[PDB]
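# An overview of the molecular structure
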Number of protein chains: 2
Amino acid sequence: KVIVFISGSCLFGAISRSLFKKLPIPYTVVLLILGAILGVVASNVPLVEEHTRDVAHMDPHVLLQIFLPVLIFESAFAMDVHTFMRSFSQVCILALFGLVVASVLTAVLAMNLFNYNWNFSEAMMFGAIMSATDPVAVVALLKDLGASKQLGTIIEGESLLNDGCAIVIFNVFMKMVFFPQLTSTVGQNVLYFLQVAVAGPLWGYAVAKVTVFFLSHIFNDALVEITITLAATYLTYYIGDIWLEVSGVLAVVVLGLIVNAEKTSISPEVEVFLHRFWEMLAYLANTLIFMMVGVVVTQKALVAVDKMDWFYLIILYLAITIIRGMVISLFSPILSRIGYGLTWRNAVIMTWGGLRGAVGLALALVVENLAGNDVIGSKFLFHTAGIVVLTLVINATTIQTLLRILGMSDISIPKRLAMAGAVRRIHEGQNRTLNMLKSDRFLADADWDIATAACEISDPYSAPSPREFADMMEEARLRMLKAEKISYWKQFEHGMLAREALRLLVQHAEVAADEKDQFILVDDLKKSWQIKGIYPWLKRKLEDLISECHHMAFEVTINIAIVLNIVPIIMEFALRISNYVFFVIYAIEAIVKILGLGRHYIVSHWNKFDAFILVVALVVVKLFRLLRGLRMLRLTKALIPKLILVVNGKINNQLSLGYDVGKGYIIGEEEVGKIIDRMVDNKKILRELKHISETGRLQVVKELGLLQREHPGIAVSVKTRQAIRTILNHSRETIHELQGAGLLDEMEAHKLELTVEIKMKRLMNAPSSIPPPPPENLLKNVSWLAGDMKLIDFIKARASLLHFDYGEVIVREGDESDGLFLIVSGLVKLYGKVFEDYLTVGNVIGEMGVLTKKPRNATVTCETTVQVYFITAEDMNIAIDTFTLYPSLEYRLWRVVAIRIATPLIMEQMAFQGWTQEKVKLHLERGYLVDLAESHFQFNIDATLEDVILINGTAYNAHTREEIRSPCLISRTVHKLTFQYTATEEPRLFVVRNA
Amino acid sequence: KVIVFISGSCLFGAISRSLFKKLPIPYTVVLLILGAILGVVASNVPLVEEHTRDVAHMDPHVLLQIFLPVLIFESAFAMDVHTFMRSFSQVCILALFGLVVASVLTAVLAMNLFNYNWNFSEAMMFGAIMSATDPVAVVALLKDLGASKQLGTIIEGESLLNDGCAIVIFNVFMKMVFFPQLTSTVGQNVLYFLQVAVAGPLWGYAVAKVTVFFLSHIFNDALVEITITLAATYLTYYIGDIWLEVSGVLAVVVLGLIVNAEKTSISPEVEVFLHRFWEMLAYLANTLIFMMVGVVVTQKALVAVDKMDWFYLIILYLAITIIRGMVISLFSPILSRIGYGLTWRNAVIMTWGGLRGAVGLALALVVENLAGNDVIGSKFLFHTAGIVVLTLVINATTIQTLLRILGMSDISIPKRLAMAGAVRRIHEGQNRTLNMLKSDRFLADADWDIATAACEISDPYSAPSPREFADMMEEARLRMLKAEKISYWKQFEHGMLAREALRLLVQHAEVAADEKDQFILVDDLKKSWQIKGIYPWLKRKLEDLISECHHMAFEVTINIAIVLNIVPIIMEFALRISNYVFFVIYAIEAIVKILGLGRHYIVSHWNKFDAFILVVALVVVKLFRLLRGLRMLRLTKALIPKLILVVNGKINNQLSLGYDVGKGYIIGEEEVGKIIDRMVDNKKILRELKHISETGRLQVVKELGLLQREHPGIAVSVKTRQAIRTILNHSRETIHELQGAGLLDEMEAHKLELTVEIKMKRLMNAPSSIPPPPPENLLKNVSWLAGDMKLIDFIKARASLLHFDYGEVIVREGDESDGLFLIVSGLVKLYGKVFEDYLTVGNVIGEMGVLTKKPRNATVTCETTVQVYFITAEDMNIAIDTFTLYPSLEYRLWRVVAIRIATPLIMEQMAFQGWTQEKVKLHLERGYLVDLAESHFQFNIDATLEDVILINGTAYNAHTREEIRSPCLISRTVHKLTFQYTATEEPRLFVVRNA
C-alpha cells in the first residue's frame, strides 16, 4: 500500500540529486516530471493506481501537521543566527510588509482578472499561497560565488519569516472559509491573532532557555543531549499545537533559532549530528512531497485544461514578478533611510532571485484535498504547479546569467594573484615530492606517467613628482591593509581571537580598503566595544542599589516551602485538610518570623511586606480567597540575585567581544610595523605611517584601560577566562606533540584529551563572572615574588601603600631611583624620551633603577585615583643580599627584564618568521641565563644553543678582538665570548638551548 | 494515550544515565525500579492506569518485529569486524554450542525441579529465553581497563551469535507451541531450518554488496548515501520478513557486519553520523523496554508470589551460572587444541562476566502477552525479571572485584613510568606558560590563584661477570624493543602505514618482549605476508588459462539483448507476440552468428556452445519448453572477466598489507640501529645486535623483492597507489600550511581541500589493479633522464639491452668501470667490502665509476633472469659534453648521489631528532648545490643556509689552516671554505638554504 511508493520516491530523489549536480537546473524539476509520468501510468494501468491511491490521496491534516513543521524547523536550523540577528529589523520588516502587500495585490488581481466567482477569502488564500518562497537553490549559488554575504543572509532569512507568516495567514483564512461555523466576530478574532502573535514565540523562548539550562549541566556525554533535544522540540510542537492551531510552527522556529544561538553550550559532535539528521529528514520530506504533487497534478489536470487558463497562468507569473519588484522598489528608500540600505543591483538580483518551493505545494495539496469534488481545488493546484515549475526552470536557469551580466560575478585581482601563487606553490611542492619519491628503493617500480596524471591541481579562479608620491603612499596603504589582514587571519588561526572579533576586524579592514586614503579608524572600533552603557547597565545599577541558625539552607528551605505552598492555593484559585495544612504553614512561617525578629529585624522593605502578608493571613469571602495569595510576591527577594547574575552575564558577553577586538587590533599593529620596516623606502612615508599607527595604538590602549577601570568585577573574570583557555590550549598542544612523538600511547592520550575537554567545558559555564580581587593577592602574585613565602612576608612587612589623585606626577625623568613601583589599582601614563605608553593594574615600573642603579628614563603621570605599592631601593638591596639560593631573586629580575628587552629585538630582526608574539615569548621563556663567575668570564658557543642575546655589559670577542656594546644580538660569526672583572657594568647574557 | 509514557521514559532514562555514571551499578536497574514503582502507582490510582494501558499492554507482534531488529543491528554495527573475523571460528563455535547446551540443560532442569506440568517445548523455550546475554556493561569496563583486547572482542562478539540463535530457536518453537495448527513433519521442518540457516545470510550478503557497489560511485555528497543505506537496511528487513518469519534478523546482522567491513568506501562523517543515529535509536528502545517490563512485572506479580518460587529463582540463577561455567570448562581443551586457546583466568572472568539484558525481557513480554489469561506468562515474566535484576546487581557490581582479585587489573611498570613522565612534562609546560602569561600587559589583572588551581592535570593512573653480561644484554634487548615500538607508532602517526600493519607489528613486538631472549623473528612476518598462495591464486591461474564492425558496443548490445531475452522465458518458465519476438531475436542472433562466421570463427568452446544453442532454438512439448533456456549459459563468457577482476582485487588487498608490514619493519630497523648507537656501550653487544638486525633486514628485503617479482601486475598497482597517496598527503599538508600562514583565505583553502578529497576518493576505487608497465617507459622515467626528450632519444639510440640467467655475475669489485647499469626486470644481489644488499627494478648501479671514474667497490650477482640496460662510459662522457644547459645532467647526477650519500650521514650524526626518513629526504631535497667556478673556488657561510655537507674534494679552511677530507659534515665553527685548482679530485658541496 505504502512501501513501494516511498522506496521509489527515495530512489528517484537519490538518482536525480546525484545526476543533476553538474547541470544548472535544480534536481527538483526532474522529480516533478517523473511524478507526472508516474501519474499518467497510474491513470492508465490500474495496478499503479492501486499502489498510488493510499499515499497520493493522503489525509490533508497529516500533511499540514507533519510536513510543514519539519521544513520550517530545518530552514530555521540551517543558518547562523549572528548575521540574522545583526540585521533582524531589515529582514523582518521587508518580509512582513512585502508578504502582506503581495497577498493583497495578488488577491485583487485574481478578482480583476480570473473572471471566476471567487470571494475575498479565497483570493487572500491564493495570494498567501503563492507568496511563500524557497531561496535555497539560489542562496547556495550566491554563497558559492561569495559576492556578498549580507545579500545571501538577507535572501535566506526572508524565507523563514515569509513562510511562517504565510502559513499563519493561510491557517486563519482556511478556518474562515472551509469551516464556516467558526464565529468571525471582531473581538475574538483580534484576541486570537494577538495570542498567535505573542503566546507562540514566548513559549518557544521559555522552553529554549529551559532546555539550554538543562543541557549546559551535562558533561562528557552525547546520547543524553540528542534525545533530550529532540524531545524538547517535539514537546514544544505538541504543546503549541494543543493550545493553538497555528502558533506551533512559530514556537518551533523560534526554538530552533535560540537553540542554534547558544552554540557554545553543546558539544560539536552532537550539533553536527543534529544538523545532519534534521537535514536528512527535510530532504526526505521534500522528495516525497514533490512525488505527491506530481502524481496528484497529473491525475487531476484533464478537468481544467483551457487555453485562456494557460494565458492566465503566464500573466500571473509576470504579475507576481512585477509585484515583487514593485514592493522592493517601494521599500528601497525607506530601508536606505535607516543607514543599512541596499544597492539597486542587490535589489534587482534579489527580486529576480527567490522562487517557489515545497511550502507552496504543501499548502496547495491541503487546499485541493479539503476542496473535495469541486473545480476550485483543481484550479488551485494547476495554477501553483504551473508557477512553481515555471519559476524553477526560468529563474534557477537564468540566475547565473543575471550574475554574469552584472558585476557580481567578477573576481578581484588580489584573489586572482592569491590563487596563482597558491597553485604555483602547490605544483612546485608536488613536483618536489614526486622527484623525491622517484629516488626511493621501493617505489621506483610504479609507472609515474599514470601516477602524475592522477595527481594534479589546476586553478579554480582562471581558465620625485607629487603624483608619484601619492601613488607610493596609496601602494603603502594597500600593503599596510593587506599585512594587517594577514596578521588578523594568522592570529585567528593560532587561536587568540574569537570568530566575531575576526569578522569585525576583517570587515573594517576591507571597508577602509574600499574607501580612498582611509586607514582603520578607532572611532568605529570605539563604538564596537562601547555597548557597555545601555539601559541594562542602568537596570544593573538600580538592582544593585535596591538590594543591600543562620545557615543558607534555612532560607533555601523557606523558598522551597513557598514553592510547595504555591500548589494548594493555585489549585483553589479535601477542603478541611487544606485549611489545616494552611494553618500548619502559617505556624511555621510565624516561628520563622519570630526567629527573624530575634535577628534584630534589620530588613527594610521585605520585613514590611512579610508583616503585611502575615496580617492578611491571620485575617467578600470569594474576593478574600482570591486575594489572599500575595505571599507569592515573597519569592522576588530570591529572584533578584538571578536577574543581577544574568545581566552581569550579558555585560560579560558584550565586554569579552569588545576586549578581543582591541587585543587583536593591538597585536596586528605591533607586528605590522616590523613587517613594513623590511619593505618601506621613503622616510617621510614610513614616519607618517609609524606616527599614525602609534596614535591608534595609544588611543586604543588608553580607552581599553579606562573601560577595564570602569568596573573590575567583569574584567577580572574575562581576563581569567582567557588565561585559563590559553593554558589549556597549550597543554593540549603539548599532549598532541607527545602523541606525535610516540612517547604516549593512544589510549592514554585520549584520556588526557578527555580530561582537558572536561576542564574546558567546565570553564564554559563555571564562573559567576563577578570575582573581586584583593590588593595583597596582587602583591603576592608577581612572577618573581612567587616561590618564597619568607620573601613574600619580608616584602609585605617592608612594602608601603601610596594613594594619588588625578593629574599628579609620581616620578620624573632623570631623578634618583628611589625604589621599585608596583601599580595595584588605577591607570597611569608613562611619557619619556618621544615614545608614550599607558600602564594599568598589574605592572611594575623601573627595574633598571634598582638593578643597574641608573637614573630613570621616564615620567609618570597619574590618570585617576591610583593605589600603588612602593618598595625602597635599599630594601631591595638588602633583600638581594639576604636571599642567595639557586633561584636567586635578582636572577629572576634579570631574566624578566631580559625577556622584556629581547622580544622587541627578535621581532625587529624577525628571525622567527611566521611567529606571533606568544610563540616568540614562549621560545625566549624556555631559555635560561648562566652565570659567568663560575666559568672564568669566558663562554664558548656550542651547537646546543639556538639563539643568544646579550643584555648588559661589553662583549669582547676572543678572536679578532671585537668590542660589542649592549644590548644587541650576536650571530654565528662569533665563536667565543670573553669578559673581564667589570664591576661597574655587570655583563649579562641569555641563551636558548635547543632540546 | 501514548505521549506521556514515552516522554517520561525518555526523561527517566536521561536522568538515570547522567546520574549513575560514577556509580558502579548500571542505570538499567534503577530504570527497572522506577518502572516498578510506576506500576504500583498505576495499580493504585486509576488515571495512571488509564495512561499506561495503551503502551504497557502493547501488541506483542510489533514488539517482536520492531524492538528486536534495532537492538540486533546496533550490536552488529557497534563492533569492528577485523578482530571479529580474525577470530570468527572460536566465537562462532563457542556461542552456538554453548547456546544449545545451555538451552537443553535449562530445559531438563526445569522438568526435574519446577514440579510444573510443562512439556519439553515450554522448558526449552525457557532455556532459549534465558540464554540471551548483553555484555555491554562488562565490555565497556574491560575496554576501559584494557587488560586484553582479544578477551573483550570475544565476549562482545559472543553477543551477536548468542542473540541470533536464541531468537531463531525461540521463533521456531514458539510457533510450534502457541500455533498448534502448524505441521511438525520432519521433512518440512528440516527444509525450513535449512532455509533459515542459508537463505538469510546469503541474501544479506547480496544486498550488502549491491549497496556498497552503488555507494562507491557517489562522490562529494553527504545526504544521498545516508538515505540509501537506511532504505537498504529497511528493505532487507522487509524482504526477509516477507519470505521467512525469522531470517530477517540474520539478514540484518550480516548486512550490518558487511557494511561496517567496507569502511573505506564511505566518508567518515557519514559513518560517524550513522553510528550515532543507530546508537540513539537503540538506547531509546532499551529505555522504553525497561520501563515496560517494570510496569508489566509489577502489575502481574501478585498472582505468582510464593516462597518456594523465590527459592526456585535463586537456585535457577546458581544453576545457570554453574552450567555456563561447566560448558566453558568443557570447551577449554578443545579450543586450546586449535592453537588459539584461552587461559583459565580468561575463562573464569568471561563466564562470571556476561549477563542478561534487553533481549531476554523483550522475548519475555512476547511470551506474557501471547499467553493471555494463564499462570504460565506470569511465571515466565517473574523468573526472567528476577534473574535479570539479580545479575545486573550481582555481576555488574562484583566484576570490578573479580578484576582486582586476579592479575588483570594491574598496570605495567613501563606504562606507569610513561604516565609519570608525560604528566611531569605537561605540568612543566603548563607552569612555563603560566609564568609567561604573568608577564604580559593585558592579562596581569587576572587572579592567578583561581586560575592555576582550575587548570591542573593529575596522573589518572596512580594515587665483567657473565651474569652481568646477560643482564646488560637483556636490558639492551628491552631498550631495542621499546625503540622499535616507538618508531612504529611515530611512523603510523606520520602516515606511511595502515592500521592493520601497525597492529601486527605491535603485537609481534610485545610477543617478542614477553618471550625471554627472543627478538622479532621474520618467519612469523613471512607467514604474515605469505598469504598470496592460496586456492584463490589457483583459481586465478585456471581462469587465466581458460580465457584467451568489431566495436565493443556490439558485444555489449549482445549482452543486454540476452539480458532482456531473460525476462520472457523466465516468465514462461500474449503467446503469439511472445513467439514472434522470439523469432525476431533468433533472426538477430542468426545474423550476429553470420558476422562471427565472417570473423574466421576462431572461438574454441563458445562457438560450440552457440552452435548447440542455435540447434536447440531452430528445433515432450512441456519438457522442450522448459529445456529450451540453455541460452542463459552464454553470459558466462562475460561473467568471467568480472570474477578475475575481483580475485585480482582480493590478492591486491592481501598484498598491500603484506607490503606495508615489510616497509614498516624495514624503516624501523634502519632507524633503531642509529638510535641504539647512542645508548649501547659494550662492543660485543652492539656487534651482535647490529649483525642480527642486518640479517633480518637482508632476509626481509630479499623476500619482499621476490614477492614483487612473482607477479608484477599487482605490485605495480599497489606501489602507484601508495605513491599517489603520499603525493596527495603532502599537497594537503602544504595547503594547510598556507592556510595557517594566512596567505590563503578559508573559502579557497576549503575548495582546494575538497578537490584533494575528491582525488583521494577516486583513488580509493579507481584502478583495476592490473597495469602492465613497459621497459622503455622505465628507461625514460628516471629522475635525471626526464626533462629532455632530446637526451632521452640520444640515450634510447645509445642504450643496450642485456639479458642474464640465474647465478651469473655481471661485474666484480675492483674492475674498470665499463659504464652505468640500469636494472629494468628481475632481482639482483650486491655484495662488496662486509655489507650486503638486494636491488630490484627501477635502480641504477655505479655512479662513482662514471662521475669520479674510480674503480668499482661492489660485486653484482644475478638472482633470476634479469633484463638490464647498459650505457657505455664514453657515451655518458659525450652526453655530458654535449649538454651544458643550466640544469646540467652531470649536476643532476651529483645532486642525486649527494642526497643518497648525505642522508646516512645525517642519520649517523642525528641532527634532526623526531623526523623519519621522509622528512629528512624532503629537507635535503629542497637544497641545491652551487658551482665553485663562478665564485673563485671559495665560499662564505651565511645565515641563510641551514646545513652544509661536502661530498667530494678536500675542504680547505681559510682560517686556522684546516684540512678536511670528504665526505663529512662541517659545523658552524668553520666560516670560510676555500679550494684550489684540483682537477684530480673535483670539489663538490651541498647547502640547504632556509626559506
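Reading the values: the criteria
- Residues numbered from 1 in each chain as written, not as in the entry; some residues may be left out.
- Chains lettered and ligands numbered in written order.
- Heavy atoms only, no water.
- Residues with missing side-chain atoms left out of burial classes, pairs and counts.
- Helix = DSSP H or I, 4+ residues; strand = E, 2+ residues; numbered from the N terminus.
- Expected span 1.5 Å × (residues − 1).
- Buried < 20%, exposed > 50% of the residue type's maximum accessible area, 1.4 Å probe, protein only.
- Arc of directions from axis to C-beta.
- Contact = heavy atoms within 4.5 Å.
- Polar contact = N/O pair within 3.5 Å; in protein donor to acceptor, adjacent residues only side chain to side chain.
- Least-squares fit on C-alpha atoms.
- Pairing = 2+ DSSP bridges.
- Axes fitted to C-alpha atoms, helices over the stretch in contact; angles between N-to-C directions.
- Domains from an automatic or database assignment.
- Patch = residues over 30% accessible without salt bridge, like charges linked within 9 Å, V, L, I, M, F, W, Y side chains within 5 Å.
- Areas by Shrake-Rupley, 256 points an atom, 1.4 Å probe, with all protein chains shown as cover.
- Salt bridge = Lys/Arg side-chain N within 4 Å of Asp/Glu carboxyl O.
- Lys, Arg positive; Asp, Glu negative; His and termini not counted.
- Charge placed at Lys NZ, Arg CZ, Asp CG, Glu CD.
- Core = buried A, V, L, I, M, F, W, Y, C linked by side-chain atoms within 4.5 Å.

This paragraph deals with helix α2 (residues 27-44) of chain B. All names here are of chain B. Relative to the 26 Å expected for 18 residues at 1.5 Å per residue, α2 spans 26 Å between its end C-alpha atoms, a close match to the ideal helical length. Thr28, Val29, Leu31, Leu32, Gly35, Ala36, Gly39 and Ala42 are the residues of α2 that are buried. Along the long axis of α2, the arc covered by the buried residues comes to 155°, so they all point the same way. Considering only its buried residues, α2 is in contact with α1 (3-19), α3 (46-56), α13 (268-299) and α17 (375-405).

Moving on, we get to the side chain of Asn607(B). All names here are of chain B. For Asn607, the location among the structural elements is in helix α26 (residues 606-618). Note on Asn607: relative accessible area 19%, which makes it buried. Side-chain polar atoms of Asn607 contact the side chain of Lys593, separated by 2.4 Å. Among residues more than four places away in sequence, those in contact with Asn607 are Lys593 and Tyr601.

All names here are of chain A. Here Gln722 is to be found in helix α30 (residues 712-741). The exposure class of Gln722 is buried, given its relative accessible area of 8%. Among the polar contacts listed, one links the side chain of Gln722 to the side chain of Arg725, at a separation of 2.9 Å. Discounting chain neighbours no more than four positions away, the residues touching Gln722 are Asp660 and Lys663.

When chain A is fitted onto chain B, the two copies agree to an RMSD of 0.2 Å after a turn of 180° and an axial shift of 0.0 Å. Taken together, the rotation angle and the small translation identify this as a two-fold axis. For chain A, the residue whose C-alpha comes nearest the rotation axis is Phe273(A), separated from it by 2.9 Å. By residue overlap, the copies meet face to face through one surface: 98% of the interface positions of chain A are interface positions in chain B.

Residues and elements named next belong to chain B. Taking strand neighbours across the sheet as the criterion, the four strands line up as β8-β13-β10-β11 in an open arrangement whose pairing is antiparallel. Each end of this open sheet is capped by a strand with a single partner; those strands are β8 (938-940) and β11 (963-964). Two elements, β8 and strand β13 (residues 976-978), share three bridges in a ladder whose sense is antiparallel. From the neighbouring strand, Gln938 faces β13, where its bridge partner is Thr978.

This part takes up the sheet that holds strand β14 (residues 988-993) of chain B. Strand pairing in a sheet relies on backbone hydrogen bonds. The paired strands run either parallel or antiparallel. Residue and element names in this part refer to chain B. The three strands lie next to each other as β12-β9-β14, forming an open sheet whose pairing is antiparallel. Bordering the open sheet on either side are β12 (968-969) and β14, each of which pairs with just one other strand. With two bridges joining them, strand β9 (residues 945-952) and β12 adopt antiparallel strand pairing. Considered in β12, the bridge of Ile949 is made with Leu969. Docked against the sheet, helix α36 (residues 889-909) engages β9, β12 and β14, running at close to 105° with respect to β9.

Here we come to the domain arrangement of chain A. A common way to state how big an interface is: give the accessible area lost once the parts meet. Partitioning chain A into structural domains gives domain 1 (3-405), domain 2 (413-438), domain 3 (648-765), domain 4 (775-883) and domain 5 (893-993). Measuring from the centre of the C-alpha atoms in domain 2 of chain A to the corresponding centre in domain 5 of chain A gives 39 Å.

Attention now moves to a negative patch on the surface. Judged by side-chain charge, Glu813(B), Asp815(B), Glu816(B), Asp818(B) and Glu874(B) come together as a negatively charged surface patch. Structurally, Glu874(B) can be placed in helix α35 (residues 873-882).

Further remarks concern the nonpolar core. The biggest cluster of nonpolar side chains holds 92 residues, and the ones touching the most others in it are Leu63(B), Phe170(B) and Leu363(B). Apart from residues no more than four positions distant in its own chain, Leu63(B) is found in contact with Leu68(B), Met292(B), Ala362(B), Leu365(B) and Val366(B).

Let's shift gears to the environment of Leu698(B). Residues and elements named next belong to chain B. Locating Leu698 in the fold gives a position in helix α29 (residues 683-710). What makes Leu698 buried here is its relative accessible area of 14%. Sequence spacing of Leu698 and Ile666 is 32 residues, and the spatial spacing of their C-alpha atoms is 9.4 Å. Leave out the neighbours within four places in its chain, and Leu698 touches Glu836, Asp837 and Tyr838.

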